[PDB]
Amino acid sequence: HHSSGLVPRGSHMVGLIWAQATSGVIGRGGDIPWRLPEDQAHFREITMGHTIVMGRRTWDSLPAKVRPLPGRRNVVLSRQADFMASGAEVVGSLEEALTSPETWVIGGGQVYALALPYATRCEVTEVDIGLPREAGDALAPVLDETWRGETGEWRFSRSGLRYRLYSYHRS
């Protein structure tokens, strides 16, 4: 059955957006092990003007100078009663965080897994870098058969890596 690209203001659309290596790695040692300008631009194009929800460790991985990310309501998930995020809201659950009509979950590994049962869209960048999975890595969620996907062709980044975009939807 079909979904619409229009977001009625009384609904709670939840999407996830992440960049991964072909192995599924999204993070290691509290950082993202690549930077692709095309991915950075794409991330801002999708999320700008909406609420973004992130795990506390993803907030930590943002340089202090740049957070909160501008042009978006920044919401941070933490179970620690004394964690604070200057300029942003800290909430203790996904239920508290998903109050906007359109919310983009922007990481990390734990929060993607937490948010997936409520999500109806995923926007994925795949980077053609040979990074094998190591213990402790943050990993992308795996999408079951209820998701229908559009896979873009391989493109070439100014930074010299191949990459491609996926768009997934479900009802």
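All residue numbers refer to positions in the sequence shown, first residue = 1. Take the two forms, superpose them, and find the largest set of C-alpha atoms that agree within 1.5 Å; that set is the rigid core.
**Student:** 14-22 versus 152-160: which one's CA atoms end up farther from this form in 8 other deposited structures of this protein after a core fit?
**Tutor:** Taking the RMS over all superposed structures in 8 other deposited structures of this protein, 152-160 lies farther out.
**Student:** Once the rigid core is lined up, would you tell me whether 25-33 or 38-46 has the higher RMS CA deviation in 8 other deposited structures of this protein?
**Tutor:** It is 25-33 that deviates more in 8 other deposited structures of this protein.
**Student:** Comparing 69-77 with 93-101, which stretch shows the greater average C-alpha B-factor in the deposited entry?
**Tutor:** It is 93-101.
**Student:** Mean CA temperature factor from the deposited coordinates, higher in 22-30 or in 118-126?
**Tutor:** According to the PDB entry, the answer is 22-30.
**Student:** Report the option among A64, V142, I46, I106 whose CA atom has the maximum B-factor in the deposited record.
**Tutor:** Within the set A64, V142, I46, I106, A64 shows the top C-alpha B-factor.
**Student:** Going by the CA temperature factor in the PDB record, which third of the chain does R155 belong to: lowest, middle or highest?
**Tutor:** According to the entry, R155 has a C-alpha B-factor in the chain's middle third.
**Student:** Quick check on the deposited entry: does the C-alpha B-factor of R57 sit in the lowest, middle or highest third of its chain?
**Tutor:** Its C-alpha B-factor, which the entry lists for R57, ranks in the lowest third among residues of this chain.
**Student:** Considering only modelled residues of the same chain, in which third does the CA B-factor of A135 rank: lowest, middle or highest?
**Tutor:** Highest third, going by the recorded CA B-factors of the chain.
**Student:** Mind checking which third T146 falls in for C-alpha B-factor across the chain?
**Tutor:** Within its chain, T146 is a highest-third residue by C-alpha B-factor, going by the deposited values.
**Student:** Using the B-factor values recorded in the entry, state whether the Cα atom of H50 falls in the lowest, middle or highest third among the modelled residues of its chain.
**Tutor:** Its C-alpha B-factor, which the entry lists for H50, ranks in the middle third among residues of this chain.
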